[PDB]
file model-v4.pdb (PDB, N, CA and C atoms)
ATOM      1  N   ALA A 981       0.835  -1.201   0.000  1.00  0.00           N
ATOM      2  CA  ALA A 981       0.000   0.000   0.000  1.00  0.00           C
ATOM      3  C   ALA A 981       0.874   1.257   0.000  1.00  0.00           C
ATOM      4  N   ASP A 982       1.768   1.319  -0.982  1.00  0.00           N
ATOM      5  CA  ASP A 982       2.723   2.416  -1.080  1.00  0.00           C
ATOM      6  C   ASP A 982       3.277   2.532  -2.497  1.00  0.00           C
ATOM      7  N   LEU A 987      -1.616  -0.745  -7.747  1.00  0.00           N
ATOM      8  CA  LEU A 987      -2.793  -0.615  -6.897  1.00  0.00           C
ATOM      9  C   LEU A 987      -3.816   0.312  -7.546  1.00  0.00           C
ATOM     10  N   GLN A 988      -3.322   1.413  -8.118  1.00  0.00           N
ATOM     11  CA  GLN A 988      -4.195   2.320  -8.854  1.00  0.00           C
ATOM     12  C   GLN A 988      -4.746   1.670 -10.117  1.00  0.00           C
ATOM     13  N   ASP A 989      -3.947   0.828 -10.778  1.00  0.00           N
ATOM     14  CA  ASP A 989      -4.372   0.178 -12.012  1.00  0.00           C
ATOM     15  C   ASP A 989      -5.385  -0.936 -11.787  1.00  0.00           C
ATOM     16  N   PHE A 990      -5.658  -1.308 -10.539  1.00  0.00           N
ATOM     17  CA  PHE A 990      -6.662  -2.323 -10.249  1.00  0.00           C
ATOM     18  C   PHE A 990      -8.036  -1.673 -10.160  1.00  0.00           C
ATOM     19  N   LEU A 991      -8.972  -2.151 -10.976  1.00  0.00           N
ATOM     20  CA  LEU A 991     -10.308  -1.591 -11.054  1.00  0.00           C
ATOM     21  C   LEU A 991     -11.346  -2.623 -10.636  1.00  0.00           C
ATOM     22  N   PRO A 992     -12.365  -2.217  -9.886  1.00  0.00           N
ATOM     23  CA  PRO A 992     -13.396  -3.168  -9.463  1.00  0.00           C
ATOM     24  C   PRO A 992     -14.238  -3.637 -10.636  1.00  0.00           C
ATOM     25  N   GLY A 993     -14.792  -4.835 -10.494  1.00  0.00           N
ATOM     26  CA  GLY A 993     -15.620  -5.389 -11.550  1.00  0.00           C
ATOM     27  C   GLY A 993     -16.315  -6.649 -11.092  1.00  0.00           C
ATOM     28  N   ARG A 994     -17.181  -7.152 -11.967  1.00  0.00           N
ATOM     29  CA  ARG A 994     -17.899  -8.398 -11.749  1.00  0.00           C
ATOM     30  C   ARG A 994     -17.858  -9.224 -13.024  1.00  0.00           C
ATOM     31  N   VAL A 995     -17.566 -10.516 -12.880  1.00  0.00           N
ATOM     32  CA  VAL A 995     -17.546 -11.400 -14.036  1.00  0.00           C
ATOM     33  C   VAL A 995     -18.969 -11.620 -14.537  1.00  0.00           C
ATOM     34  N   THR A 996     -19.095 -11.862 -15.839  1.00  0.00           N
ATOM     35  CA  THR A 996     -20.397 -12.034 -16.462  1.00  0.00           C
ATOM     36  C   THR A 996     -20.993 -13.389 -16.089  1.00  0.00           C
ATOM     37  N   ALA A 997     -22.231 -13.618 -16.533  1.00  0.00           N
ATOM     38  CA  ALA A 997     -22.912 -14.871 -16.220  1.00  0.00           C
ATOM     39  C   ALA A 997     -22.215 -16.064 -16.861  1.00  0.00           C
ATOM     40  N   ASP A 998     -21.773 -15.923 -18.114  1.00  0.00           N
ATOM     41  CA  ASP A 998     -21.114 -17.037 -18.789  1.00  0.00           C
ATOM     42  C   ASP A 998     -19.797 -17.393 -18.110  1.00  0.00           C
ATOM     43  N   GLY A 999     -19.041 -16.391 -17.676  1.00  0.00           N
ATOM     44  CA  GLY A 999     -17.786 -16.616 -16.996  1.00  0.00           C
ATOM     45  C   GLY A 999     -16.538 -16.368 -17.811  1.00  0.00           C
ATOM     46  N   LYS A1000     -16.612 -15.559 -18.869  1.00  0.00           N
ATOM     47  CA  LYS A1000     -15.442 -15.235 -19.671  1.00  0.00           C
ATOM     48  C   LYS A1000     -15.261 -13.742 -19.913  1.00  0.00           C
ATOM     49  N   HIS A1001     -16.081 -12.891 -19.303  1.00  0.00           N
ATOM     50  CA  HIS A1001     -15.941 -11.448 -19.427  1.00  0.00           C
ATOM     51  C   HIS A1001     -16.172 -10.814 -18.064  1.00  0.00           C
ATOM     52  N   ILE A1002     -15.598  -9.630 -17.872  1.00  0.00           N
ATOM     53  CA  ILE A1002     -15.727  -8.882 -16.627  1.00  0.00           C
ATOM     54  C   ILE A1002     -16.399  -7.549 -16.920  1.00  0.00           C
ATOM     55  N   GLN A1003     -17.453  -7.248 -16.166  1.00  0.00           N
ATOM     56  CA  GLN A1003     -18.167  -5.982 -16.262  1.00  0.00           C
ATOM     57  C   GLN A1003     -17.560  -5.006 -15.264  1.00  0.00           C
ATOM     58  N   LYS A1004     -17.016  -3.902 -15.765  1.00  0.00           N
ATOM     59  CA  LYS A1004     -16.350  -2.932 -14.910  1.00  0.00           C
ATOM     60  C   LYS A1004     -17.367  -2.070 -14.172  1.00  0.00           C
ATOM     61  N   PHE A1005     -17.100  -1.819 -12.893  1.00  0.00           N
ATOM     62  CA  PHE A1005     -17.922  -0.923 -12.090  1.00  0.00           C
ATOM     63  C   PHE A1005     -17.410   0.506 -12.210  1.00  0.00           C
ATOM     64  N   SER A1006     -18.344   1.444 -12.381  1.00  0.00           N
ATOM     65  CA  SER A1006     -17.967   2.843 -12.563  1.00  0.00           C
ATOM     66  C   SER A1006     -17.357   3.430 -11.294  1.00  0.00           C
ATOM     67  N   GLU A1007     -17.947   3.145 -10.135  1.00  0.00           N
ATOM     68  CA  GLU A1007     -17.462   3.708  -8.882  1.00  0.00           C
ATOM     69  C   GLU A1007     -17.797   2.760  -7.740  1.00  0.00           C
ATOM     70  N   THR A1008     -17.069   2.913  -6.635  1.00  0.00           N
ATOM     71  CA  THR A1008     -17.239   2.085  -5.451  1.00  0.00           C
ATOM     72  C   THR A1008     -17.273   2.959  -4.206  1.00  0.00           C
ATOM     73  N   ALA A1009     -17.704   2.358  -3.100  1.00  0.00           N
ATOM     74  CA  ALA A1009     -17.816   3.071  -1.837  1.00  0.00           C
ATOM     75  C   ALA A1009     -17.553   2.107  -0.690  1.00  0.00           C
ATOM     76  N   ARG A1010     -17.275   2.677   0.480  1.00  0.00           N
ATOM     77  CA  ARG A1010     -17.035   1.910   1.695  1.00  0.00           C
ATOM     78  C   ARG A1010     -18.306   1.878   2.534  1.00  0.00           C
ATOM     79  N   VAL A1011     -18.761   0.676   2.873  1.00  0.00           N
ATOM     80  CA  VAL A1011     -19.955   0.473   3.681  1.00  0.00           C
ATOM     81  C   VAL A1011     -19.543  -0.262   4.952  1.00  0.00           C
ATOM     82  N   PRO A1012     -19.870   0.250   6.133  1.00  0.00           N
ATOM     83  CA  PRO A1012     -19.437  -0.407   7.368  1.00  0.00           C
ATOM     84  C   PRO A1012     -20.332  -1.575   7.750  1.00  0.00           C
ATOM     85  N   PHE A1013     -19.716  -2.558   8.403  1.00  0.00           N
ATOM     86  CA  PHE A1013     -20.438  -3.708   8.923  1.00  0.00           C
ATOM     87  C   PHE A1013     -19.941  -4.157  10.289  1.00  0.00           C
ATOM     88  N   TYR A1014     -19.035  -3.410  10.923  1.00  0.00           N
ATOM     89  CA  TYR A1014     -18.411  -3.841  12.164  1.00  0.00           C
ATOM     90  C   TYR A1014     -18.355  -2.761  13.235  1.00  0.00           C
ATOM     91  N   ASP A1015     -18.654  -1.510  12.904  1.00  0.00           N
ATOM     92  CA  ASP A1015     -18.730  -0.452  13.899  1.00  0.00           C
ATOM     93  C   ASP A1015     -20.111  -0.430  14.547  1.00  0.00           C
ATOM     94  N   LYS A1016     -20.171   0.158  15.738  1.00  0.00           N
ATOM     95  CA  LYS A1016     -21.420   0.260  16.492  1.00  0.00           C
ATOM     96  C   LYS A1016     -22.149   1.565  16.188  1.00  0.00           C
ATOM     97  N   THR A1017     -22.385   1.825  14.908  1.00  0.00           N
ATOM     98  CA  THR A1017     -23.077   3.031  14.470  1.00  0.00           C
ATOM     99  C   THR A1017     -24.371   2.745  13.729  1.00  0.00           C
ATOM    100  N   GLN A1018     -24.421   1.676  12.938  1.00  0.00           N
ATOM    101  CA  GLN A1018     -25.610   1.312  12.182  1.00  0.00           C
ATOM    102  C   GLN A1018     -25.863  -0.182  12.339  1.00  0.00           C
ATOM    103  N   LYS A1019     -26.915  -0.663  11.680  1.00  0.00           N
ATOM    104  CA  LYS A1019     -27.361  -2.048  11.791  1.00  0.00           C
ATOM    105  C   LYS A1019     -27.624  -2.639  10.410  1.00  0.00           C
ATOM    106  N   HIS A1020     -26.679  -2.432   9.488  1.00  0.00           N
ATOM    107  CA  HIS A1020     -26.816  -2.981   8.143  1.00  0.00           C
ATOM    108  C   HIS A1020     -26.757  -4.503   8.125  1.00  0.00           C
ATOM    109  N   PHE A1021     -26.232  -5.124   9.181  1.00  0.00           N
ATOM    110  CA  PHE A1021     -26.074  -6.575   9.191  1.00  0.00           C
ATOM    111  C   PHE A1021     -27.421  -7.285   9.285  1.00  0.00           C
ATOM    112  N   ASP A1022     -28.285  -6.841  10.201  1.00  0.00           N
ATOM    113  CA  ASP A1022     -29.540  -7.548  10.441  1.00  0.00           C
ATOM    114  C   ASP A1022     -30.573  -7.274   9.354  1.00  0.00           C
ATOM    115  N   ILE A1023     -30.614  -6.048   8.829  1.00  0.00           N
ATOM    116  CA  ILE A1023     -31.631  -5.704   7.840  1.00  0.00           C
ATOM    117  C   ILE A1023     -31.394  -6.455   6.535  1.00  0.00           C
ATOM    118  N   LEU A1024     -30.135  -6.607   6.135  1.00  0.00           N
ATOM    119  CA  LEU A1024     -29.818  -7.295   4.892  1.00  0.00           C
ATOM    120  C   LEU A1024     -30.038  -8.797   5.034  1.00  0.00           C
ATOM    121  N   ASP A1025     -30.281  -9.449   3.903  1.00  0.00           N
ATOM    122  CA  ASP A1025     -30.615 -10.863   3.885  1.00  0.00           C
ATOM    123  C   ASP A1025     -29.368 -11.715   3.668  1.00  0.00           C
ATOM    124  N   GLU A1026     -29.461 -12.975   4.103  1.00  0.00           N
ATOM    125  CA  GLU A1026     -28.361 -13.915   3.913  1.00  0.00           C
ATOM    126  C   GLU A1026     -28.095 -14.169   2.434  1.00  0.00           C
ATOM    127  N   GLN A1027     -29.156 -14.304   1.634  1.00  0.00           N
ATOM    128  CA  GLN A1027     -28.973 -14.529   0.204  1.00  0.00           C
ATOM    129  C   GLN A1027     -28.338 -13.325  -0.479  1.00  0.00           C
ATOM    130  N   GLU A1028     -28.497 -12.133   0.097  1.00  0.00           N
ATOM    131  CA  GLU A1028     -27.912 -10.927  -0.474  1.00  0.00           C
ATOM    132  C   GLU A1028     -26.401 -10.865  -0.310  1.00  0.00           C
ATOM    133  N   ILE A1029     -25.819 -11.721   0.534  1.00  0.00           N
ATOM    134  CA  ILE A1029     -24.377 -11.712   0.742  1.00  0.00           C
ATOM    135  C   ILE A1029     -23.664 -12.150  -0.534  1.00  0.00           C
TER     136      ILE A1029
END
call {"tool": "encode", "arguments": {"input": "model-v4.pdb", "output": "structure tokens"}}
result
Amino acid sequence: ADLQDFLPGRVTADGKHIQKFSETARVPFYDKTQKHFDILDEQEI
């Protein structure tokens, strides 16, 4: 950590192409500020 050329993405349904994501964000799941863990579903993981 001292990386820029790595871009987020998701592989396609077939499994031979990657769909690039335009932008990303940080969502917390371990601080004692919100409750995103319980509201979200297990299948959504």
call {"tool": "residues_around", "arguments": {"input": "model-v4.pdb", "residues": "residue A:1005", "least_positions_apart": "2", "cutoff": "10 Å", "atoms": "only C-alpha atoms", "output": "list in words"}}
result
residues 991, 992, 993, 994, 1002, 1003, 1007 and 1008 of chain A
call {"tool": "atom_distance", "arguments": {"input": "model-v4.pdb", "atom1": "atom CA of residue A:1028", "atom2": "atom C of residue A:999"}}
result
21.4 Å
call {"tool": "atom_distance", "arguments": {"input": "model-v4.pdb", "atom1": "atom C of residue A:1004", "atom2": "atom CA of residue A:1019"}}
result
27.8 Å
call {"tool": "select_by_dssp", "arguments": {"input": "model-v4.pdb", "residues": "chain A", "states": "strand (DSSP E)", "output": "list in words"}}
result
residues 993, 994, 995, 1002, 1003 and 1004 of chain A
call {"tool": "atom_distance", "arguments": {"input": "model-v4.pdb", "atom1": "atom C of residue A:995", "atom2": "atom C of residue A:1029"}}
result
14.8 Å
call {"tool": "axis_aligned_box", "arguments": {"input": "model-v4.pdb", "around": "stretch 1006-1019 of chain A", "padding_each_side": "5 Å", "output": "AutoDock Vina command-line options"}}
result
--center_x -22.3 --center_y -0.2 --center_z 2.0 --size_x 20.6 --size_y 17.9 --size_z 39.1
call {"tool": "select_by_dssp", "arguments": {"input": "model-v4.pdb", "residues": "chain A", "states": "helix (DSSP H, G or I)", "output": "PyMOL selection string"}}
result
chain A and resi 1020-1023
